[PDB]
2 protein chains.
Amino acid sequence: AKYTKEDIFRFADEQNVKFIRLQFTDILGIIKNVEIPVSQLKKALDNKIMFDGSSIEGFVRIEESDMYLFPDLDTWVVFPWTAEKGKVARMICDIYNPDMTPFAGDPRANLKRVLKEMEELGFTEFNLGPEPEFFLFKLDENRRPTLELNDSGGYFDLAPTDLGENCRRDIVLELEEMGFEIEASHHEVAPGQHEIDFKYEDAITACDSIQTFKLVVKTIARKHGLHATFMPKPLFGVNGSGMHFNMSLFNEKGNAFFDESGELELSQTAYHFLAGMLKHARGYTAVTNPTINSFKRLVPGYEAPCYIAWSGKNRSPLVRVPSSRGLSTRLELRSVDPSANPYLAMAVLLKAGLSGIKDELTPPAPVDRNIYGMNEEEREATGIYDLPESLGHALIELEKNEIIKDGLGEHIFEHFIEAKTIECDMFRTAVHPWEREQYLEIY
Amino acid sequence: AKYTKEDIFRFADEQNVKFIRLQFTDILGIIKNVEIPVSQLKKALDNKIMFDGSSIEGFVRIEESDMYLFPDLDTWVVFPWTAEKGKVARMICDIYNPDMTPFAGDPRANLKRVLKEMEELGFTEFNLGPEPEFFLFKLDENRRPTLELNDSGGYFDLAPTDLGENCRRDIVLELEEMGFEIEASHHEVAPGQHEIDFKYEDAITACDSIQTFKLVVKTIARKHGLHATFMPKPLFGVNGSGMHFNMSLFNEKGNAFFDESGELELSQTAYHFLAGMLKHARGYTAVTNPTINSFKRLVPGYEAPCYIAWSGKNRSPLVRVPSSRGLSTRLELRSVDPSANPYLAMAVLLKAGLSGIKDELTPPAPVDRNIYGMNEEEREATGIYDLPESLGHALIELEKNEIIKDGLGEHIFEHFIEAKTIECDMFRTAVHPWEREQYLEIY
Ligand SMILES: [Mg+2]
Ligand SMILES: [Mg+2]
Ligand SMILES: [Mg+2]
Ligand SMILES: [Mg+2]
């Protein structure tokens, strides 16, 4: 109980907020909210706010249903970019049915249910540290994004320098002032691409931090006359954007992935988690990469994980184990992209990993032979397998796998497949300028 | 023997040709030629012309190999649009290895081999009548195609009218003057789309007529300041272009598909051919639709065949049997598009149909229930199956089927597979403006 009702009332009185955003996330990952005056703060705290519940279902909404908007007190945050005409505050809200039951279609409720399963299994918390990457594009005269980048930087380069602008520095400063924990920020290898690293907190707080980070980055980029994009592959021939998850499992004693007497300073729980992640990776590749553009990033190379393997020496595997040990022991999954929904992503990941522990699966031997060059026979000889190359194959894998369905729940599962198949069918029937430019003259 | 060497020499002397195009077709269907003066007509007739044989292999050429260019006398044609500075003539040429053997990679030689198999099986000829459809686009200031059509016509509409222009009428008149047999021409349902129907001749002559028709249509359009396109789906939301094949099998007695005492006035040979076509349709869908844009035309509707069924009453099936009987009895395949290679198309079709006759397969019962609306269970209850929805699945079906491989030969099979896989990989890794407009601002 970080905050209480009286604390929220006192904060609203003493920083004098007049606008409150009760925000939530739908299946597609779009940040949605209802906006109320500060005079209705009491009604929000009393959990009596109605809203059109079909909104969270996305564009496939059919039947309107009124449902509650139970908020969370620990997520009270006041934005500074509010001028003098009243402050603005946001609160992450749970979705509840009118019968005082959490909605099955709410990703946050699904993540809470999966975390409850973890806790009743024997663990305490599921820490996550994400490393999102975003692109910045110069706006046009009509406040429209262009295809030109703000600077021609490089990997870890000091590209934006100083003396005003430097949107990454301003974003980091605003996030720090607002009350977020930032480890480090740098320039990614692609021009105009930046990465900001976060500390390690709980899974739900990790989702809240990710969503708030997306909102803040978009707002600050817009205010500086730029456009912030989290699409994985904005341009061809340019490196994509990733959101690598550094995740660790904790118990009553402490870190469950650390053991000084084990191989690689890893506990058997860590190996079971690795086996669970590797076995079902093809299953949840769709959840971790929900957009068509996402699979354009997953191409064979030296930085895009398109194989199913784990390593700790050669790096660039599907799952990488950082050299740090002790309380910082963790397993990194590099196939996640910023367009993914964090709630569903760690829901399916936790389920897969925990199933690997329940089944006590033995992970395959790590590969440190730089798996990009070996022949197809060599890859087939080892347990190396490729991730799905398109959204449709990933959707088929989802429809085949059953554990990921349980981790996602029912309602979320059917809604996700429905919306994704519509997006896939829309992409399939479209005619692109590539086909015209390479067949109009030839044929 | 329609023509002899002396006849060719006399023609060259009396219409005074000075430019000769020894033209041939590669695997991809692109019309290629070598151009020689009339003084070298003797060397061409002596079958002593060398050329870089790796050209017919396409862009996947690796090793240069010199090989002969044995021409065909029956295809001597003189173009009229040659002004006064000498006429131009073309001759379809077979590809021969330096050891006096036909090249395995020549589509025409493969078709000749398949026809030899047919003849030794007991049949005489394989008549074909194609119905190609093409689009006309207005050129820009820099002689570049635009996205605007020449007229907003309709199905069978009298759109181009008269008083000059009317590129379809001029094309038909030039083709008739040149010595081709034209049944009828009309305006297709899409704006700016025209269809010209041909008579029924032998398969090799059908290929020659199709290639000459493509060349003539392109040339006349260019002269009239327009661009002729055979790409199946130039625009989204606009009907595609088809090249329906009306094919019949002949024997010593006459038409092998006609029998007054049989059901539907059809012989058992016709039913065996139908069964062979239906069984392997998924196999040769790739050959009949060799481009990525081709499968954008094969979408569920009322005019695009995306199902595997035959009918003669409801129309719009995969294979339609026209009501005409007697010597005009024929089976129409509607899945072919103008971008396909006619040689490979009828090679695989003849093989499939003849295999159905050899195996005496019984075709499934025809469906006249307008197969667009019945539920998926209803379609599954009947032997209705869908054609491959993408080029990759069609390539997989080709790699699985063995009869189509025999019909294509070895060299053609591997070269086609390599080229199509390269093209599919290029399409897969590209980033299209659709993705940007759908995820850039959203994510
Ligand atoms: Mg990075
Ligand atoms: Mg990382
Ligand atoms: Mg037609
Ligand atoms: Mg037709």
# chains A, B, ... in the order shown; residues from 1 in each chain; ligands from 1
>>> residues_around(residues="residue 322 of chain B", least_positions_apart="2", cutoff="12 Å", atoms="only C-alpha atoms", output="short mmCIF file (atom, residue, chain, number, x, y, z; two decimals) with C-alpha atoms, in the first residue's frame")
data_model
loop_
_atom_site.label_atom_id
_atom_site.label_comp_id
_atom_site.auth_asym_id
_atom_site.auth_seq_id
_atom_site.Cartn_x
_atom_site.Cartn_y
_atom_site.Cartn_z
CA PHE B 245 -7.29 -21.53 -71.82
CA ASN B 246 -9.89 -23.30 -73.97
CA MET B 247 -8.18 -26.61 -74.72
CA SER B 248 -9.31 -29.74 -76.55
CA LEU B 264 -23.13 -34.20 -70.88
CA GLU B 265 -22.11 -35.15 -74.44
CA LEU B 266 -18.63 -35.84 -73.03
CA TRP B 310 -15.57 -28.16 -62.23
CA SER B 311 -18.99 -27.24 -63.56
CA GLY B 312 -20.87 -26.49 -66.76
CA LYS B 313 -24.03 -24.75 -65.56
CA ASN B 314 -23.34 -22.28 -62.73
CA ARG B 315 -20.12 -21.03 -64.37
CA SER B 316 -17.24 -19.33 -62.53
CA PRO B 317 -15.61 -22.64 -61.46
CA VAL B 319 -12.60 -25.50 -64.74
CA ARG B 320 -15.61 -24.64 -66.90
CA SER B 324 -20.77 -25.83 -77.26
CA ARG B 325 -20.25 -29.44 -78.35
CA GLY B 326 -19.11 -31.45 -81.35
CA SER B 328 -15.86 -27.39 -80.53
CA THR B 329 -16.02 -29.46 -77.33
CA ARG B 330 -13.42 -28.14 -74.91
CA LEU B 331 -12.47 -27.68 -71.26
CA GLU B 332 -11.69 -24.16 -70.04
CA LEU B 333 -9.19 -23.48 -67.26
CA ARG B 334 -9.72 -20.04 -65.73
#
>>> interface_residues(of="chain B", to="chain A", cutoff="8 Å", atoms="only C-alpha atoms", output="JSON, numbers by chain")
{"B": [30, 229, 230, 231, 233, 234, 235, 236, 292, 293, 296, 299, 339, 427, 428, 429, 430, 431, 432, 433, 434, 435, 436, 439, 440, 441, 442, 443]}
>>> write_last_selection(atoms="N, CA, C and O atoms", output="short mmCIF file (atom, residue, chain, number, x, y, z; two decimals), in the first residue's frame")
data_model
loop_
_atom_site.label_atom_id
_atom_site.label_comp_id
_atom_site.auth_asym_id
_atom_site.auth_seq_id
_atom_site.Cartn_x
_atom_site.Cartn_y
_atom_site.Cartn_z
N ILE B 30 10.06 -13.81 -70.63
CA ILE B 30 10.45 -12.59 -71.32
C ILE B 30 10.88 -12.92 -72.74
O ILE B 30 11.65 -13.86 -72.97
N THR B 229 0.01 -3.29 -70.13
CA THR B 229 0.44 -4.04 -68.96
C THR B 229 -0.30 -5.37 -68.91
O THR B 229 -1.53 -5.40 -69.03
N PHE B 230 0.45 -6.45 -68.72
CA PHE B 230 -0.13 -7.77 -68.52
C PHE B 230 -0.01 -8.25 -67.08
O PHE B 230 -0.28 -9.42 -66.80
N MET B 231 0.37 -7.37 -66.16
CA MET B 231 0.41 -7.74 -64.75
C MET B 231 -1.00 -8.02 -64.26
O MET B 231 -1.91 -7.21 -64.51
N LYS B 233 -2.94 -7.92 -61.57
CA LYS B 233 -3.71 -7.03 -60.71
C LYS B 233 -3.00 -5.69 -60.62
O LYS B 233 -2.30 -5.40 -59.65
N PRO B 234 -3.16 -4.83 -61.64
CA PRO B 234 -2.51 -3.52 -61.60
C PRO B 234 -2.96 -2.64 -60.45
O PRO B 234 -2.15 -1.87 -59.91
N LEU B 235 -4.23 -2.72 -60.06
CA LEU B 235 -4.78 -1.83 -59.04
C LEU B 235 -5.62 -2.62 -58.05
O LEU B 235 -6.15 -3.69 -58.37
N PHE B 236 -5.73 -2.09 -56.84
CA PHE B 236 -6.55 -2.70 -55.80
C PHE B 236 -8.00 -2.28 -55.98
O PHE B 236 -8.30 -1.14 -56.34
N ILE B 292 4.16 -12.91 -57.89
CA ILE B 292 3.58 -12.59 -56.59
C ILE B 292 2.24 -11.91 -56.76
O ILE B 292 1.27 -12.21 -56.06
N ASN B 293 2.15 -10.97 -57.71
CA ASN B 293 0.92 -10.22 -57.92
C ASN B 293 -0.20 -11.11 -58.46
O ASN B 293 -1.38 -10.75 -58.38
N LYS B 296 -2.75 -12.16 -55.86
CA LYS B 296 -3.67 -11.11 -55.44
C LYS B 296 -4.95 -11.14 -56.25
O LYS B 296 -5.99 -10.67 -55.79
N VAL B 299 -8.52 -14.29 -55.29
CA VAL B 299 -9.19 -14.02 -54.03
C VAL B 299 -10.62 -14.53 -54.14
O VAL B 299 -11.16 -14.57 -55.25
N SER B 339 0.61 -13.17 -67.26
CA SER B 339 2.03 -13.14 -66.93
C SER B 339 2.68 -14.52 -66.98
O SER B 339 3.91 -14.61 -66.90
N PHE B 427 10.59 -10.20 -51.99
CA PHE B 427 9.31 -9.62 -51.58
C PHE B 427 9.15 -9.67 -50.07
O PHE B 427 8.61 -8.73 -49.46
N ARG B 428 9.59 -10.76 -49.44
CA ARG B 428 9.37 -10.94 -48.01
C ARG B 428 10.13 -9.91 -47.18
O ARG B 428 9.60 -9.39 -46.19
N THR B 429 11.37 -9.61 -47.56
CA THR B 429 12.20 -8.72 -46.76
C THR B 429 11.96 -7.25 -47.04
O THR B 429 12.50 -6.40 -46.33
N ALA B 430 11.16 -6.92 -48.06
CA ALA B 430 10.90 -5.53 -48.39
C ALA B 430 9.93 -4.91 -47.39
O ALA B 430 9.12 -5.59 -46.77
N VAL B 431 10.03 -3.59 -47.24
CA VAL B 431 9.14 -2.82 -46.39
C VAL B 431 8.26 -1.96 -47.29
O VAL B 431 8.77 -1.17 -48.10
N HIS B 432 6.95 -2.12 -47.16
CA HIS B 432 5.99 -1.48 -48.05
C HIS B 432 5.35 -0.27 -47.38
O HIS B 432 5.26 -0.20 -46.15
N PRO B 433 4.89 0.70 -48.17
CA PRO B 433 4.23 1.87 -47.59
C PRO B 433 2.95 1.54 -46.83
O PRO B 433 2.50 2.36 -46.03
N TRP B 434 2.41 0.34 -47.07
CA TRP B 434 1.21 -0.12 -46.32
C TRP B 434 1.57 -0.23 -44.84
O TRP B 434 0.84 0.35 -44.01
N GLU B 435 2.67 -0.93 -44.53
CA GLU B 435 3.11 -1.12 -43.12
C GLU B 435 3.24 0.25 -42.44
O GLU B 435 2.71 0.40 -41.33
N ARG B 436 3.93 1.20 -43.09
CA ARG B 436 4.13 2.55 -42.50
C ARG B 436 2.77 3.18 -42.18
O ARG B 436 2.57 3.57 -41.03
N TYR B 439 1.22 1.27 -39.08
CA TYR B 439 1.87 1.07 -37.76
C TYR B 439 2.78 2.25 -37.36
O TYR B 439 3.12 2.31 -36.17
N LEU B 440 3.17 3.13 -38.28
CA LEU B 440 4.14 4.21 -37.93
C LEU B 440 3.52 5.13 -36.87
O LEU B 440 4.14 5.30 -35.80
N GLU B 441 2.35 5.72 -37.16
CA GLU B 441 1.71 6.67 -36.21
C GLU B 441 1.03 5.88 -35.08
O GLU B 441 1.03 6.39 -33.94
N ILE B 442 0.48 4.71 -35.39
CA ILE B 442 -0.25 3.89 -34.38
C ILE B 442 0.76 3.40 -33.32
O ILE B 442 0.50 3.62 -32.12
N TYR B 443 1.86 2.78 -33.75
CA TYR B 443 2.91 2.32 -32.81
C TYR B 443 4.13 3.24 -32.91
O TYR B 443 4.89 3.11 -33.87
#
>>> residues_near_ligand(ligand="ligand 1", cutoff="7 Å", atoms="only C-alpha atoms and all ligand atoms", output="PyMOL selection string")
chain A and resi 131+133+188+195+242
>>> select_by_dssp(residues="segment 299-438 of chain B", states="helix (DSSP H, G or I)", output="NGL selection string")
:B and (326-328 or 342-359 or 376-381 or 391-400 or 403-408 or 410-429 or 433-438)
>>> residues_around(residues="residue 181 of chain B", least_positions_apart="3", cutoff="8 Å", atoms="only C-alpha atoms", output="VMD selection string")
chain B and resid 175 to 176 198 to 199
>>> write_last_selection(atoms="N, CA and C atoms", output="compact mmCIF listing (two decimals), in the first residue's frame")
# COMPACT_ATOMS: atom_id res chain seq x y z
N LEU B 175 -3.13 -7.17 -86.24
CA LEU B 175 -2.99 -8.61 -86.08
C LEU B 175 -3.62 -9.36 -87.26
N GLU B 176 -4.79 -8.90 -87.72
CA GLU B 176 -5.43 -9.53 -88.87
C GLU B 176 -4.61 -9.35 -90.14
N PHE B 198 -8.68 -15.54 -79.49
CA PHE B 198 -7.98 -16.16 -80.60
C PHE B 198 -8.73 -17.41 -81.05
N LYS B 199 -8.42 -17.86 -82.26
CA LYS B 199 -8.95 -19.12 -82.75
C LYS B 199 -8.20 -20.29 -82.11
>>> residues_around(residues="residue 279 of chain B", least_positions_apart="6", cutoff="9 Å", atoms="only C-alpha atoms", output="PDB file with C-alpha atoms, in the first residue's frame")
ATOM      1  CA  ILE B 308     -10.877 -26.729 -56.983  1.00  0.00           C
ATOM      2  CA  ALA B 352      -1.527 -33.556 -65.593  1.00  0.00           C
ATOM      3  CA  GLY B 356      -5.474 -38.526 -65.452  1.00  0.00           C
ATOM      4  CA  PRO B 363     -13.555 -36.804 -61.694  1.00  0.00           C
TER       5      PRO B 363
END
>>> closest_residue(among="B:272, B:187, B:411, B:224", to="ligand 3", atoms="only C-alpha atoms and all ligand atoms")
B:187
>>> closest_residue(among="B:215, B:196, B:398, B:278", to="ligand 3", atoms="only C-alpha atoms and all ligand atoms")
B:196
